[PDB]
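# Working through the structure, step by step
In case you want the letters, here they are:
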There are 2 protein chains.
Amino acid sequence: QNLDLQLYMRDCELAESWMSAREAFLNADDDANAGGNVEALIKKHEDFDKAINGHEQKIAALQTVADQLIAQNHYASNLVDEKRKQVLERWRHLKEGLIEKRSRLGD
Amino acid sequence: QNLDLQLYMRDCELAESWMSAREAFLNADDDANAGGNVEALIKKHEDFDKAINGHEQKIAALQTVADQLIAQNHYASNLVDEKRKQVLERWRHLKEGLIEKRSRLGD
C-alpha cells in the first residue's frame, strides 16, 4: 500500500506491457520478416541487439527498486522484532523482582 | 517503517516506562518491611499477583502488534518479490523469442 511500492508495481506493469508489445512484433515479423539482403539482415540484427539490450537494462533497474523496497521492509521488521525482544527481556527482570519480593513477604 | 511502526515503538516505550516505575516501587518495597499481619500480608501478595498479571497482559498485547507489523511487512515484501519474479519470467520468454528471430537473421 505504501505509495513507493505502488510506483514500483506500476513500473513493473508498464515493463510487462512493453514486453507484450515486443511479443506481438515478433509475431508480425514471423508473418513476413526482413529480407535476405546483407545490408539489412545486418540492420535488423542490430535492431534485435538494441531491443534485447534495452529490455535487459529496464529489467535490471526494476530489480534494483525491488531490492530497495524489500531491504526497507526487512529493516522495519528487524527493528520491530528486536524492540519486542528488549521489552520481553526487561519484563523478565521486572517479573523476577515481583515474584521474589512476593516470596520475601515471609518464607 | 512508518506510522504503525511509530505508534508501536511509542507503545513499547510507554510500557517500559510503566515497568520502570513499578520496578522503582519495588526498590522502595525492596526494603519496605513493616512486619505485617495476615489480612495485610495477604492483600500485599494479591497486589503483586495483580501487577504481575497486568504486566503480562500489556506484553502480550505488544507482542500481537509486533506480529501484525511483521506480517504486514512480510506480505509487502512478498508482493514485491513476486512481481519481480513475474517480470523476470515474462522477460525470459520474450528473450527466447528475440534470440530465435535474431539467429535466422544471422546464420
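Residues numbered from 1 in each chain as written, not as in the entry; some residues may be left out. Chains lettered and ligands numbered in written order. Heavy atoms only, no water.

The name given to chain A in the PDB entry is SPECTRIN, with the source organism recorded as Drosophila melanogaster. The title field of the PDB entry reads "CRYSTAL STRUCTURE OF THE REPETITIVE SEGMENTS OF SPECTRIN".

## Observations concerning the layout of surface pockets
Heads up, the rule is: Within this scheme a cavity is a closed region of a 1 Å grid, computed over the protein atoms alone, that accommodates a 1.4 Å probe without allowing it to escape, whereas a pocket is open but has protein on both sides within 12 Å along at least five of seven lines; lining residues each have an atom within 4 Å of a point. Grid points are joined across faces, edges and corners, and a volume is the space filled by probe spheres set on the points. For helices the rule is a DSSP run of H or I covering at least 4 residues; for strands it is a run of E covering at least 2, with both sets numbered from the N terminus onward. Here the term charged refers only to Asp, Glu, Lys and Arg, the term nonpolar to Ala, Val, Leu, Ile, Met, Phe, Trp, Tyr, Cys and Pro, and the term polar to all other amino acids, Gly among them.
In this structure, the largest pocket encloses a volume near 370 Å³. For the largest pocket, the lining is made up of 19 residues, of which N2 and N73 of chain A together with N2, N73 and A76 of chain B are closest to its centre. Listing elements by their share of the lining of the largest pocket, those giving two or more residues are α1 (3-32) and α2 (38-104) of chain A together with α1 (3-29) and α2 (38-104) of chain B. The element that contributes the greatest number of residues to the lining of the largest pocket is α2 of chain B, accounting for 6 residues. Considered class by class, the residues forming the lining of the largest pocket number 9 nonpolar, 8 polar and 2 charged. For the second largest pocket, the full set of lining residues is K101, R104 and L105 of chain A together with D29, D31, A32, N33, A34, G35, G36, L41 and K44 of chain B. Those elements giving two or more residues to the lining of the second largest pocket turn out to be α2 of chain A together with α2 of chain B. Tallied by class, the residues present in the lining of the second largest pocket amount to 4 nonpolar, 3 polar and 5 charged.

## Focus: the nonpolar core
Rule in force here: Here, nonpolar core means buried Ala, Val, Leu, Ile, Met, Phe, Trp, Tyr and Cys residues that are tied together by side-chain atoms lying within 4.5 Å of each other. Only protein chains enter the calculation, and the probe is 1.4 Å; a residue is then buried if its accessible area is under 20% of its type maximum, exposed if over 50%, and partly exposed in between. Here a residue-residue contact requires only that any non-hydrogen atoms of the pair lie within 4.5 Å.
If you look at the biggest cluster of nonpolar residues, it comprises 20 residues, and the most contacted ones within it are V80, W91 and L98 of chain A together with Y8 of chain B. Here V80 of chain A is in contact with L5, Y8, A66, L69 and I70 of chain B, once residues within four sequence places are set aside. Formed by 19 residues, the second largest nonpolar core is a distinct cluster that contains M9, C12, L62 and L69 of chain A.

## Looking at the interface of chain B and chain A
Filter applied, for reference: Computed with a 1.4 Å rolling probe, the buried area is the accessible surface lost when two parts are put together, summed over both parts. Basic side-chain nitrogens of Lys or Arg form a salt bridge, by our definition, when they fall within 4 Å of a carboxyl oxygen of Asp or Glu. Polar contacts here mean pairs of N or O atoms no more than 3.5 Å apart (in protein, one a potential hydrogen donor and the other a potential acceptor; neighbouring residues in sequence count only if both atoms are side-chain atoms).
Counting from both sides, the interface comprises 52 residues of chain B and, opposite them, 54 residues of chain A. Carbon and sulfur atoms make up 70% of the surface buried where chain B meets chain A, a total of about 5,000 Å² over both sides. On the chain B side of the interface with chain A, the three residues burying the most area are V80, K101 and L105 of chain B, jointly 14% of the side's total. Linking chain B to chain A there are 11 salt bridges. Residues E56 of chain A and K95 of chain B are paired through a salt bridge, measuring 3.8 Å at the closest nitrogen-oxygen approach. Counting across the interface, chain B meets chain A through 24 residue pairs in polar contact.

## Describing empty space enclosed by the protein
In total, this model carries 1 cavity of 30 Å³ or more according to the counting rule given. Quantified by volume, the largest cavity comes out at close to 30 Å³. Lining the largest cavity, in full, are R84, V87 and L88 of chain A together with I59, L62 and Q63 of chain B. Mapped by element, the contributors of at least two residues to the lining of the largest cavity are α2 of chain A together with α2 of chain B. Looking at side-chain class alone, the lining of the largest cavity contains 4 nonpolar, 1 polar and 1 charged residues.

## A short note on the relation of the copies chain B and chain A
For the record, the criterion: Only the C-alpha atoms of the copies enter the least-squares fit used to superpose them.
When chain B is fitted to chain A, the residual RMSD is 1.1 Å, and the transformation amounts to a turn of 179° plus an axial shift of 0.0 Å. Classification of the inter-copy transformation places it as that of a two-fold axis. Within chain B, the C-alpha atom positioned nearest to the axis of rotation is that of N73 of chain B, 2.7 Å from it. Here 96% of the contact residues of chain B are again contact residues in chain A; the copies associate through an equivalent surface.

## A few points about the packing of aromatic side chains
The geometry of an aromatic ring pair comes down to the distance between the two centres and the angle between the two planes. Residue and element names in this part refer to chain A. Where we set the bar: Only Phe, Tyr and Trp rings are paired, with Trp represented by its six-membered ring, and only when their centres lie within 6.5 Å; those with planes under 30 degrees apart are stacked, over 60 edge-to-face, the remainder tilted.
Counted according to the given criterion, the structure contains 2 aromatic pairs over all chains. For the ring pair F25 and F48, a centre distance of 6.4 Å and an interplane angle of 55° mean the geometry is tilted. Of the two residues, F25 is situated in helix α1 and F48 in helix α2; the sequence distance between them amounts to 23 residues. Residue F48 is classed as buried on the basis of its relative accessible area of 3%.

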